[PDB]
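Below you'll find only one chain, the form deposited in one PDB entry, shown as structure tokens.
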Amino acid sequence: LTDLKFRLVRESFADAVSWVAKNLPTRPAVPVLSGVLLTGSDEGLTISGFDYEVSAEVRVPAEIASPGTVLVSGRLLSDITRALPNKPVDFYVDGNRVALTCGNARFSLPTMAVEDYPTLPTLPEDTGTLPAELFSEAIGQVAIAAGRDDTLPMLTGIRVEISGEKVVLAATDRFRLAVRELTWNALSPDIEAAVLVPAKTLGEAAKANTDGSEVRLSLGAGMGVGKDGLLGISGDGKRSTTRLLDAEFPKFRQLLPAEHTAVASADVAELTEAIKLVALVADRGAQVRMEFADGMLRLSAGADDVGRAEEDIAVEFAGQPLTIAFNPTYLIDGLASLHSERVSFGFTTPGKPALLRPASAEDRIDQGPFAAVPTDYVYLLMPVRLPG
């Protein structure tokens, strides 16, 4: 009579549990860390997961016939609720077991020790909001450039700078650097702060947290912005926290060139296919070579031992002709982050990084040198050394 009992629609329950249980660990130090908390009250069901680094909570409406809290296996519950019949799900605790009935199917699941489950962290005070679309695009553009080596933790984060209504996101692995600037709705107009957030987690909290709604970011307020060690992300009845990274981000502003000795533009899709096609003869995704001259670009790869490949594509180009080589995965990564019809290229040496930035079908381009065009997105890519 005092144990959790409720009923709700299957698809909502299935979605809520799977969103929370995706974050969960399959290899759990403490076994309780594989559970999800289920809490019922006031015509709503709350589902919570914590692993010490990321926490996640979701509230969905439910017909709560009695209130309480229970801890059950997150992935098992996720699996069952997705495979159940599309019919109302009944769930009630019976001491040390949970009863899940739905149509003519009946489950009896064991419970876990709620008492041993870690307390979920409190989200900081709110700092600003921005559309979910925008937050999803910006994080994905930048996160692709972060390092994936925990021995170098200064590279594994996404830097978040706030200056009033303007936000700058940056990530780098020493070989590419991605910087995205955007405007948000700030709660206070006087914030002047920067934090560092793990890229793998923050990329996730946007790659599928996309919807049509608003995203609220919670870092603190006034003097306390950043100082709780957490970033909160909210919207759509979902709340997550992410432990902040303690490392120092590199001073990346030095690396952005103010001037180019050659500039170029190409069709992003055309250029992506040509890279992928010529890279089929490269040794081990070694390198793709780009030859720029007089309104054309020749992409090439290979050696005489495995095979060679060339494709000529139309580009716009100004400056002295140049050949420059890149890791083809890193180049495609940058092109795929631009989200524009065309790419604009900024070159200096074949031994200094190239600037990639988005361009429209209506942007156009004198021997130079050519000033850098201000852009909300930039992808700085280091070249690789040509054979010989």
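Numbering starts at 1 and follows the sequence shown.
Not on display, but discussed next: the form deposited with a partner chain bound.
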Hey, of 160-168, 226-234, 252-260, 190-198, which bit sits against its partner chain in the entry with it bound at 4.5 Å between non-hydrogen atoms? 252-260
Even though the partner isn't displayed, in the entry with it bound is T127 close enough to its partner chain, meaning a heavy atom within 4.5 Å? no
Give a yes/no on whether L177 approaches its partner chain to within 4.5 Å in the entry with it bound, heavy atoms considered. yes
How about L8 - does it come within 4.5 Å of its partner chain in the entry with it bound, if we only consider non-hydrogen atoms? no
Touches its partner chain in the entry with it bound: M382 (any heavy atom, 4.5 Å): yes
Contact with its partner chain in the entry with it bound, heavy atom within 4.5 Å, among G319, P353, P358, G68 goes to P353
None of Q141, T172, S240, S218 but one has a heavy atom within 4.5 Å of its partner chain in the entry with it bound; the exception is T172
